[PDB]
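In structure tokens, the next block holds one chain alone, the form deposited in one PDB entry.
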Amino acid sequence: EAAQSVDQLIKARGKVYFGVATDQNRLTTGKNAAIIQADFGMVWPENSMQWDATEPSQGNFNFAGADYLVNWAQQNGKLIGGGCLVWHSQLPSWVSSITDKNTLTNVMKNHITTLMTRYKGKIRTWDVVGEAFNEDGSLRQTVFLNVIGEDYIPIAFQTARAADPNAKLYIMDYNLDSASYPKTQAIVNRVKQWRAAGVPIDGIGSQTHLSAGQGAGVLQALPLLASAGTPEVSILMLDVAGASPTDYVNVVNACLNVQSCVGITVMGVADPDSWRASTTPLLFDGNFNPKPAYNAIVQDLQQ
């Protein structure tokens, strides 16, 4: 990695990684691979480890895309993140149609154990449960909550811990960017209770899809998230409408201010590949050149 890469510079400040989400298609097009090799220390799969990619029909697993990402990361000395193991948004129809509690519990356990066992020892962080909370802090009414009940979250983490004790297990959600927002306060209290009951939640991953100007509020929200007492917290899938250096520097400084925040992962590399490309929210432009926000992060990390 470059000496002045954001990953090398955030390591020198005591953190673990500066990461990025990617997948096979990106790694063979443009300059994505060259930038990841030089500038980032951890890679995450955008879609290749989601449920509809890995188990499109029950017990008929497909790992071709995820294997590609894992192999590439190992050949290039990058840490690997994985997920999401339990998430309502990318579910095959055969899962969402299950109505029996014992059936769905076993299907969920098998999905978790099969993915984690395949990459046992190679994955630093697994997103086990994603987007479980409504905006008011109540639990989102997914098929898992409807059929298994709220015990599905404890069961998921206990199953994951048993499959690979080397991985850090995370719950993840979005709109945890304001200290006064109900979802931010609700998840802290719920995670405290689960850990008090012995559930092995190692971390909270904050998605951090920001509108312009919302970076300032992370300075207070991230300390709040860390007050839940998990071993780790992180910023995940970071992007910012407008990509103002002020917002990006604020998010980095929040990470630096929180001892338990281990790193930051951005949603992608180049603006045109973003889901909201018209807001140019990433750190590299269409020609794969660093944007002012990138140079501002580098400068903030140097001194």
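Numbering starts at 1 and follows the sequence shown.
Just so it is clear, the following notes concern the form deposited with a small molecule bound, a form of the same protein that is not shown.
Annotated contact segment (heavy atom within 4.5 Å of the small molecule in the bound PDB entry): 82-90, selected among 108-116, 156-164, 219-227, 82-90. Site annotation in the bound PDB entry: the residue of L256, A241, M237, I35 reaching within 4.5 Å of the small molecule with a heavy atom is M237. Contact with the small molecule in the bound PDB entry, defined as a heavy atom within 4.5 Å, holds for exactly one of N250, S274, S260, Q50, namely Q50. Though the partner is left out of this view, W44 does reach within 4.5 Å of the small molecule in the bound PDB entry, counting heavy atoms only.
Contact check for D127: a heavy atom falls within 4.5 Å of the small molecule in the bound PDB entry. Contact annotation for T265: at least one heavy atom lies within 4.5 Å of the small molecule in the bound PDB entry. Within this chain, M172 lines the site of the small molecule in the bound PDB entry, having a heavy atom no more than 4.5 Å away.
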